[PDB]
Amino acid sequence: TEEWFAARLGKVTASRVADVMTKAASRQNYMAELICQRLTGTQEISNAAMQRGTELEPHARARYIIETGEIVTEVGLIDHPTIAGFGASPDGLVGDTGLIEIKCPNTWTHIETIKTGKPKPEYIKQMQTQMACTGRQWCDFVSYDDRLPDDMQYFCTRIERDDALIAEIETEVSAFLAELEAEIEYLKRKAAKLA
């Protein structure tokens, strides 16, 4: 929805945390995006894999509630409690202290999740960031793909909060936000004085 797009404008967010932290181009690329979003006052604008995976998300959500019996509340963008212009959009608030994060990737990506039993470190970061913004205690990581035989369609794993990884993330994100605002500050002053 357009509400939340506007809440997201220019903030670092859970799913881009791996880019912020990457040992790279995807960091400065991400920075540039956010600088532009802030300066221009909007975002830019998705393959049929993404589109299809979006449709399937509610199928996953339901399968999870079937599986567990949890009460899951859909939510908006949750701003970090302390770090301003930083936030998260979890797929839902599970019970009183949990979260859900749902993937509907390509069949092959799904299979590799079944194969290894573990979410990619970039998703670990994404979830840890969610827990950090929501002060929640665990996140359930669902992967779902209905094109598969029945016992391969659904996968779930819990990832417990981790205040250590969270501590790092908060630093890096704060540092990166410092850079990003000074970079904006800087251009303004050149452009300004120059005018």
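Just count from 1 along the sequence shown to find any residue number.
- Unmodelled stretch separating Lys23 from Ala24: 4 to 9 residues (count of deposited-sequence residues without coordinates).
- Comparing 32 to 40 with 46 to 54, the stretch with the higher mean C-alpha B-factor in the PDB entry is 46 to 54.
- Compared with the other modelled residues of the chain, the Cα B-factor recorded for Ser143 ranks in the lowest third.
- Placement of the Cα temperature factor of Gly95 within the chain: highest third of the modelled residues, per the deposited record.
- For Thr73, the recorded CA B-factor ranks within the highest third of the chain. Only modelled residues enter the ranking.
- Ranked against the other modelled residues of its chain, the C-alpha B-factor of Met127 as given in the entry falls in the lowest third.
- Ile65: CA B factor lies in the lowest third for its chain, per the PDB record.
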